[PDB]
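Participant: Can you keep this structure in mind? I'll have questions shortly.
As a convention, Cβ positions derive from the backbone with ideal geometry for all residues, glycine included, and neighbour counts pool all protein chains shown. Nothing in this text is a laboratory measurement; each read-out follows from the coordinates by a stated rule.
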Amino acid sequence: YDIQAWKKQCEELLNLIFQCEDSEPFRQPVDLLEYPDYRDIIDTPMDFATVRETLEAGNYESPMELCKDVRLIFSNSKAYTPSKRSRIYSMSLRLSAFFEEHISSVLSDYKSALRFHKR
Ligand SMILES: COC(=O)Nc1ccc(Cc2ccncc2)cc1
């Protein structure tokens, strides 16, 4: 029932994502010089360094907020892909499955801890 445990659990999950070769296109903001029309399609850019920085700044209140930003990285990749068979999109699908598999217990434990706090 540790209400604060999610933060280090998220730091460790982010460390695992950074070690994954599938995260390489998503470690830094999309290069607008290489994809000049990117902001015509994508309203809110997001990447794993921004997520890590937001967490380290103490600007996430809950793992649900972190999860919303990580999910935005994947929906941006799906929205920008010209094909469902593109390399970067295919990497986002595997990385998304890995993320969802690992974030599930973080979300469950935090919500359980908060319910216990308000029992
Ligand atoms: C400096 O790193 C980048 O610019 N990385 C990157 C990440 C996503 C995209 C967008 C995309 C393209 C094709 N399929 C799916 C999504 C482009 C580039």
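Participant: Looking at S75, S23, can you tell me which residue is within 12 Å of the chain's Cα centre (by Cα) and in contact (Cβ under 8 Å) with a residue 60 or more places away in the chain? Please lay out each step first, then the result.
Facilitator: Working: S75 fails: in contact (Cβ under 8 Å) with a residue 60 or more places away in the chain.
Of the residues listed, the single one that is within 12 Å of the chain's Cα centre (by Cα) and in contact (Cβ under 8 Å) with a residue 60 or more places away in the chain is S23.
Participant: When you look at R119, is it more than 19 Å from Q28 (Cβ to Cβ), of a type outside the set (A, V, I, L, M, F, W, C) and within 11 Å of the ligand (Cβ to nearest atom), yes or no?
Facilitator: Numbers: more than 19 Å from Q28 (Cβ to Cβ): yes; of a type outside the set (A, V, I, L, M, F, W, C): yes; within 11 Å of the ligand (Cβ to nearest atom): no.
Spelling it out, it is not the case that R119 is more than 19 Å from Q28 (Cβ to Cβ), of a type outside the set (A, V, I, L, M, F, W, C) and within 11 Å of the ligand (Cβ to nearest atom).
Participant: Follow-up question, since we're still on this one. Would it be correct to say that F18 is without any contact (Cβ under 8 Å) to a residue 60 or more places away in the chain and aromatic (F, W, Y)?
Facilitator: Details: without any contact (Cβ under 8 Å) to a residue 60 or more places away in the chain: yes; aromatic (F, W, Y): yes.
Judged against the criteria, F18 is a match.
Participant: Something else about it: Say whether the condition of being surrounded by fewer than 17 Cβ atoms within 10 Å (Cβ to Cβ) and of a type in the set (V, I, T) is met by at least one residue in the range 64-72.
Facilitator: No, the range 64-72 contains no residue that is surrounded by fewer than 17 Cβ atoms within 10 Å (Cβ to Cβ) and of a type in the set (V, I, T).
Participant: State all residues of the range 16-33 that are exposed (fewer than 11 other Cβ atoms within 10 Å of the Cβ) and within 17 Å of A49 (Cβ to Cβ); if no residue qualifies, say none. Give the steps one after another, and end with the answer.
Facilitator: The first filter runs over the range 16-33 and keeps only residues exposed (fewer than 11 other Cβ atoms within 10 Å of the Cβ), leaving 19, 21, 31, 33.
The answer is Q19, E21, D31.
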